[PDB]
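**Q** What follows is target_26.pdb, PDB, C-alpha atoms (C1' of nucleotides).
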ATOM      1  CA  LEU A 262      23.080  18.435  -4.509  1.00  0.00           C
ATOM      2  CA  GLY A 263      22.813  18.838  -0.741  1.00  0.00           C
ATOM      3  CA  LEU A 264      21.619  22.450  -0.736  1.00  0.00           C
ATOM      4  CA  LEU A 265      18.226  21.560   0.756  1.00  0.00           C
ATOM      5  CA  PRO A 266      17.461  19.203   3.657  1.00  0.00           C
ATOM      6  CA  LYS A 267      16.170  15.715   2.964  1.00  0.00           C
ATOM      7  CA  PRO A 268      12.388  15.576   3.466  1.00  0.00           C
ATOM      8  CA  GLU A 269      10.949  13.764   6.475  1.00  0.00           C
ATOM      9  CA  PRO A 270       7.820  11.620   6.116  1.00  0.00           C
ATOM     10  CA  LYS A 271       4.453  13.277   6.574  1.00  0.00           C
ATOM     11  CA  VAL A 272       2.712  11.750   9.576  1.00  0.00           C
ATOM     12  CA  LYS A 273      -1.027  11.967  10.181  1.00  0.00           C
ATOM     13  CA  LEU A 274      -3.221  10.467  12.882  1.00  0.00           C
ATOM     14  CA  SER A 275      -4.098   7.679  10.430  1.00  0.00           C
ATOM     15  CA  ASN A 276      -0.542   7.041   9.199  1.00  0.00           C
ATOM     16  CA  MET A 277       0.686   7.544  12.796  1.00  0.00           C
ATOM     17  CA  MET A 278       0.702   3.833  13.543  1.00  0.00           C
ATOM     18  CA  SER A 279       2.724   2.668  10.561  1.00  0.00           C
ATOM     19  CA  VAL A 280       5.709   5.067  10.585  1.00  0.00           C
ATOM     20  CA  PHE A 281       8.596   3.411  12.443  1.00  0.00           C
ATOM     21  CA  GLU A 282      11.393   5.698  11.245  1.00  0.00           C
ATOM     22  CA  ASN A 283      11.165   7.975  14.286  1.00  0.00           C
ATOM     23  CA  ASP A 284      12.395   6.962  17.748  1.00  0.00           C
ATOM     24  CA  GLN A 285       9.361   7.239  19.957  1.00  0.00           C
ATOM     25  CA  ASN A 286       6.600   5.394  18.055  1.00  0.00           C
ATOM     26  CA  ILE A 287       5.869   2.376  20.270  1.00  0.00           C
ATOM     27  CA  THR A 288       8.263   2.831  23.196  1.00  0.00           C
ATOM     28  CA  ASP A 289       6.879   6.163  24.299  1.00  0.00           C
ATOM     29  CA  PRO A 290       3.216   6.166  23.228  1.00  0.00           C
ATOM     30  CA  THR A 291       1.990   9.569  24.374  1.00  0.00           C
ATOM     31  CA  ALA A 292       4.965  11.761  23.451  1.00  0.00           C
ATOM     32  CA  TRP A 293       4.744  10.286  19.948  1.00  0.00           C
ATOM     33  CA  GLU A 294       1.073  11.278  19.897  1.00  0.00           C
ATOM     34  CA  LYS A 295       2.149  14.803  20.826  1.00  0.00           C
ATOM     35  CA  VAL A 296       4.840  14.784  18.124  1.00  0.00           C
ATOM     36  CA  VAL A 297       2.396  13.737  15.406  1.00  0.00           C
ATOM     37  CA  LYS A 298      -0.391  16.096  16.447  1.00  0.00           C
ATOM     38  CA  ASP A 299       1.985  19.052  16.700  1.00  0.00           C
ATOM     39  CA  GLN A 300       3.286  18.201  13.232  1.00  0.00           C
ATOM     40  CA  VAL A 301      -0.268  18.381  11.862  1.00  0.00           C
ATOM     41  CA  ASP A 302      -1.111  21.597  13.717  1.00  0.00           C
ATOM     42  CA  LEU A 303       2.188  22.987  12.456  1.00  0.00           C
ATOM     43  CA  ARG A 304       1.305  22.326   8.806  1.00  0.00           C
ATOM     44  CA  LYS A 305      -2.126  23.917   9.216  1.00  0.00           C
ATOM     45  CA  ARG A 306      -0.360  26.811  10.934  1.00  0.00           C
ATOM     46  CA  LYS A 307       1.876  27.230   7.881  1.00  0.00           C
ATOM     47  CA  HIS A 308      -1.220  27.343   5.681  1.00  0.00           C
ATOM     48  CA  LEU A 309      -2.959  30.032   7.735  1.00  0.00           C
ATOM     49  CA  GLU A 310       0.250  32.052   8.125  1.00  0.00           C
ATOM     50  CA  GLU A 311       0.708  32.048   4.351  1.00  0.00           C
ATOM     51  CA  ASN A 312      -2.885  33.194   3.825  1.00  0.00           C
ATOM     52  CA  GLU A 313      -2.601  36.064   6.316  1.00  0.00           C
TER      53      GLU A 313
ATOM     54  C1'   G B   1      22.460 -71.766 -33.421  1.00  0.00           C
ATOM     55  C1'   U B   2      20.076 -68.968 -27.636  1.00  0.00           C
ATOM     56  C1'   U B   3      16.538 -69.286 -24.191  1.00  0.00           C
ATOM     57  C1'   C B   4      11.220 -70.253 -21.998  1.00  0.00           C
ATOM     58  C1'   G B   5       7.007 -74.097 -22.176  1.00  0.00           C
ATOM     59  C1'   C B   6       4.376 -79.037 -23.135  1.00  0.00           C
ATOM     60  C1'   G B   7       4.721 -84.850 -24.564  1.00  0.00           C
ATOM     61  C1'   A B   8       8.265 -89.684 -24.745  1.00  0.00           C
ATOM     62  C1'   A B   9      12.708 -92.714 -22.939  1.00  0.00           C
ATOM     63  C1'   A B  10      17.170 -94.287 -19.632  1.00  0.00           C
ATOM     64  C1'   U B  11      17.356 -93.648 -13.459  1.00  0.00           C
ATOM     65  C1'   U B  12      14.693 -92.144  -7.244  1.00  0.00           C
ATOM     66  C1'   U B  13       7.547 -88.022  -9.682  1.00  0.00           C
ATOM     67  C1'   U B  14      10.570 -81.929  -9.481  1.00  0.00           C
ATOM     68  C1'   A B  15      16.450 -82.710 -11.629  1.00  0.00           C
ATOM     69  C1'   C B  16      20.191 -84.010 -16.053  1.00  0.00           C
ATOM     70  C1'   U B  17      20.580 -85.913 -21.187  1.00  0.00           C
ATOM     71  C1'   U B  18      18.366 -86.961 -25.739  1.00  0.00           C
ATOM     72  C1'   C B  19      14.063 -86.958 -29.354  1.00  0.00           C
ATOM     73  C1'   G B  20       8.589 -84.645 -31.071  1.00  0.00           C
ATOM     74  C1'   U B  21       6.919 -79.817 -30.503  1.00  0.00           C
ATOM     75  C1'   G B  22       4.551 -73.370 -29.461  1.00  0.00           C
ATOM     76  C1'   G B  23       6.657 -68.514 -29.112  1.00  0.00           C
ATOM     77  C1'   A B  24      10.392 -65.095 -28.290  1.00  0.00           C
ATOM     78  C1'   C B  25      14.936 -64.338 -31.011  1.00  0.00           C
ATOM     79  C1'   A B  26      18.971 -56.468 -34.020  1.00  0.00           C
ATOM     80  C1'   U B  27      22.985 -52.591 -33.460  1.00  0.00           C
ATOM     81  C1'   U B  28      23.871 -47.553 -32.684  1.00  0.00           C
ATOM     82  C1'   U B  29      22.378 -41.876 -32.291  1.00  0.00           C
ATOM     83  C1'   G B  30      19.648 -38.026 -30.150  1.00  0.00           C
ATOM     84  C1'   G B  31      24.433 -38.828 -23.154  1.00  0.00           C
ATOM     85  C1'   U B  32      30.135 -33.137 -23.900  1.00  0.00           C
ATOM     86  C1'   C B  33      29.209 -29.081 -16.831  1.00  0.00           C
ATOM     87  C1'   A B  34      30.728 -24.111 -17.813  1.00  0.00           C
ATOM     88  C1'   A B  35      35.286 -21.235 -15.671  1.00  0.00           C
ATOM     89  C1'   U B  36      41.033 -21.585 -15.308  1.00  0.00           C
ATOM     90  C1'   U B  37      47.074 -23.896 -16.026  1.00  0.00           C
ATOM     91  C1'   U B  38      54.408 -20.423 -21.415  1.00  0.00           C
ATOM     92  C1'   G B  39      53.995 -24.913 -26.031  1.00  0.00           C
ATOM     93  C1'   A B  40      56.044 -31.022 -29.731  1.00  0.00           C
ATOM     94  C1'   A B  41      49.470 -32.652 -27.160  1.00  0.00           C
ATOM     95  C1'   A B  42      46.715 -35.712 -23.480  1.00  0.00           C
ATOM     96  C1'   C B  43      41.956 -35.154 -19.978  1.00  0.00           C
ATOM     97  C1'   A B  44      45.616 -34.527 -15.897  1.00  0.00           C
ATOM     98  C1'   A B  45      44.938 -30.910 -12.190  1.00  0.00           C
ATOM     99  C1'   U B  46      41.820 -26.193 -10.130  1.00  0.00           C
ATOM    100  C1'   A B  47      37.276 -24.738  -8.890  1.00  0.00           C
ATOM    101  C1'   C B  48      32.035 -27.709  -8.425  1.00  0.00           C
ATOM    102  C1'   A B  49      26.610 -25.477 -10.337  1.00  0.00           C
ATOM    103  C1'   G B  50      26.030 -21.412  -3.250  1.00  0.00           C
ATOM    104  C1'   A B  51      28.101 -20.142 -11.403  1.00  0.00           C
ATOM    105  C1'   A B  52      18.832 -10.827  -0.295  1.00  0.00           C
ATOM    106  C1'   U B  53      13.828  -9.975   2.310  1.00  0.00           C
ATOM    107  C1'   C B  54       9.587  -6.560   5.181  1.00  0.00           C
ATOM    108  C1'   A B  55       7.905  -1.362   5.676  1.00  0.00           C
ATOM    109  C1'   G B  56       7.177   4.306   5.125  1.00  0.00           C
ATOM    110  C1'   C B  57       6.653   9.105   2.608  1.00  0.00           C
ATOM    111  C1'   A B  58       6.541  11.932  -1.342  1.00  0.00           C
ATOM    112  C1'   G B  59       5.666  12.796  -6.620  1.00  0.00           C
ATOM    113  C1'   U B  60       2.204  12.796 -11.781  1.00  0.00           C
ATOM    114  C1'   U B  61      -3.768  12.550 -13.163  1.00  0.00           C
ATOM    115  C1'   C B  62      -8.737  13.746 -11.920  1.00  0.00           C
ATOM    116  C1'   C B  63     -12.810  14.959  -7.829  1.00  0.00           C
ATOM    117  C1'   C B  64     -14.784  17.263  -3.389  1.00  0.00           C
ATOM    118  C1'   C B  65     -14.355  20.460   1.022  1.00  0.00           C
ATOM    119  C1'   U B  66     -12.217  24.945   3.173  1.00  0.00           C
ATOM    120  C1'   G B  67      -9.086  29.312   2.997  1.00  0.00           C
ATOM    121  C1'   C B  68      -6.225  33.786   0.792  1.00  0.00           C
ATOM    122  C1'   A B  69      -4.895  36.321  -3.784  1.00  0.00           C
ATOM    123  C1'   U B  70      -6.485  38.236  -8.546  1.00  0.00           C
ATOM    124  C1'   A B  71      -9.550  39.489 -12.614  1.00  0.00           C
ATOM    125  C1'   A B  72     -14.294  40.753 -13.771  1.00  0.00           C
ATOM    126  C1'   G B  73     -19.374  41.157 -12.031  1.00  0.00           C
ATOM    127  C1'   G B  74     -23.405  42.088  -8.606  1.00  0.00           C
ATOM    128  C1'   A B  75     -26.893  42.989  -3.427  1.00  0.00           C
ATOM    129  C1'   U B  76     -27.425  45.833   0.975  1.00  0.00           C
ATOM    130  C1'   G B  77     -26.573  48.933   5.148  1.00  0.00           C
ATOM    131  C1'   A B  78     -24.195  53.349   7.482  1.00  0.00           C
ATOM    132  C1'   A B  79     -28.310  60.566  10.037  1.00  0.00           C
ATOM    133  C1'   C B  80     -27.948  65.974   8.515  1.00  0.00           C
ATOM    134  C1'   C B  81     -26.287  69.718   3.683  1.00  0.00           C
ATOM    135  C1'   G B  82     -18.464  72.887   0.853  1.00  0.00           C
ATOM    136  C1'   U B  83     -18.147  78.995  -4.180  1.00  0.00           C
ATOM    137  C1'   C B  84      -8.147  79.247   2.786  1.00  0.00           C
ATOM    138  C1'   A B  85      -4.138  80.779   6.913  1.00  0.00           C
ATOM    139  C1'   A B  86      -0.893  85.210   8.606  1.00  0.00           C
ATOM    140  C1'   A B  87       0.846  90.372   8.256  1.00  0.00           C
ATOM    141  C1'   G B  88       0.617  95.442   6.262  1.00  0.00           C
ATOM    142  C1'   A B  89      -1.910 100.087   3.914  1.00  0.00           C
ATOM    143  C1'   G B  90      -6.476 102.744   2.863  1.00  0.00           C
ATOM    144  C1'   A B  91     -12.411 103.761   3.532  1.00  0.00           C
ATOM    145  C1'   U B  92     -17.449 103.581   6.947  1.00  0.00           C
ATOM    146  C1'   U B  93     -20.129 102.833  11.741  1.00  0.00           C
ATOM    147  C1'   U B  94     -20.316 102.291  17.557  1.00  0.00           C
ATOM    148  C1'   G B  95     -32.507 104.427  35.987  1.00  0.00           C
ATOM    149  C1'   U B  96     -35.165  98.468  36.539  1.00  0.00           C
ATOM    150  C1'   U B  97     -36.171  91.272  34.043  1.00  0.00           C
ATOM    151  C1'   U B  98     -30.735  87.763  30.515  1.00  0.00           C
ATOM    152  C1'   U B  99     -24.585  88.287  33.817  1.00  0.00           C
TER     153        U B  99
END
Could you express the structure from this file as structure tokens?
**A**
Amino acid sequence: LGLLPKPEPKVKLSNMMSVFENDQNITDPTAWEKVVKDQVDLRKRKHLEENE
RNA sequence: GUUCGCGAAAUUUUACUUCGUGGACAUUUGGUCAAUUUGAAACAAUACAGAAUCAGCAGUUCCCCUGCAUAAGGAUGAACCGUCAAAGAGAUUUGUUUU
């Protein structure tokens, strides 16, 4: 219906290589590393925040 | 009656022409492109078999690990002990080592 944003793909350090949807995958190697890692840390952050 | 093959004759061995001889000697069918053209009905145009592929996440089902919640259930540590507050009136007592 459009009331909720379309979900973006979950990216891990394993799956990191094979997701080409984002801009920076191959062309900027290290910033894409930072993107992925901060996505992971962000999910774990959501978990701990919910628990607290 | 049609052809192929062997033997004989007339001429220059194969060749034509004829005699004696061994076979072979049926026709059809199962063979239609579909789609489209206002007319006494024909196959004439008009096409003409051309009549999408790699990758990612998530979601259902079970399992393990780690959190937080909730229901129950347990184990252990924590040195010191419980039958009021204010004001007013009445009754009783009160020379030299530690100020």
**Q** Here's the selection I'm unsure about, the PyMOL selection byres ((chain B and resi 35) around 12); applied to the file above, which residues does it give, as a PDB file with C-alpha atoms (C1' of nucleotides), keeping the file's coordinate frame?
**A**
ATOM      1  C1'   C B  33      29.209 -29.081 -16.831  1.00  0.00           C
ATOM      2  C1'   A B  34      30.728 -24.111 -17.813  1.00  0.00           C
ATOM      3  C1'   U B  36      41.033 -21.585 -15.308  1.00  0.00           C
ATOM      4  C1'   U B  46      41.820 -26.193 -10.130  1.00  0.00           C
ATOM      5  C1'   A B  47      37.276 -24.738  -8.890  1.00  0.00           C
ATOM      6  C1'   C B  48      32.035 -27.709  -8.425  1.00  0.00           C
ATOM      7  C1'   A B  49      26.610 -25.477 -10.337  1.00  0.00           C
ATOM      8  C1'   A B  51      28.101 -20.142 -11.403  1.00  0.00           C
TER       9        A B  51
END
**Q** Can you list, as a ChimeraX atom specification, the residues that the PyMOL selection byres ((chain A) within 12 of (chain B)) selects here?
**A** /A:267-273,276-283,305,308-313
**Q** With only C-alpha atoms (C1' of nucleotides) as the counted atoms, please give the residues lying no more than 7 Å from region 293-303 of chain A, apart from itself and same-chain residues fewer than 3 positions off, as a list in words.
**A**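 Using only C-alpha atoms (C1' of nucleotides), the neighbours found are residues 272, 273, 274, 277, 285, 286, 289, 290, 306 and 307 of chain A.
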**Q** To one decimal place in Å, what is the distance between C1' of residue 17 (chain B) and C1' of residue 1 (chain B)?
**A**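 So the answer is 18.8 Å.
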**Q** How many Å separate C1' of residue 60 (chain B) from CA of residue 262 (chain A)?
**A**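 Separation between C1' of residue 60 (chain B) and CA of residue 262 (chain A): 22.8 Å.
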**Q** Quick one: distance from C1' of residue 25 (chain B) to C1' of residue 2 (chain B) in Å, one decimal?
**A**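 One can read the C1' of residue 25 (chain B) to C1' of residue 2 (chain B) distance as 7.7 Å.
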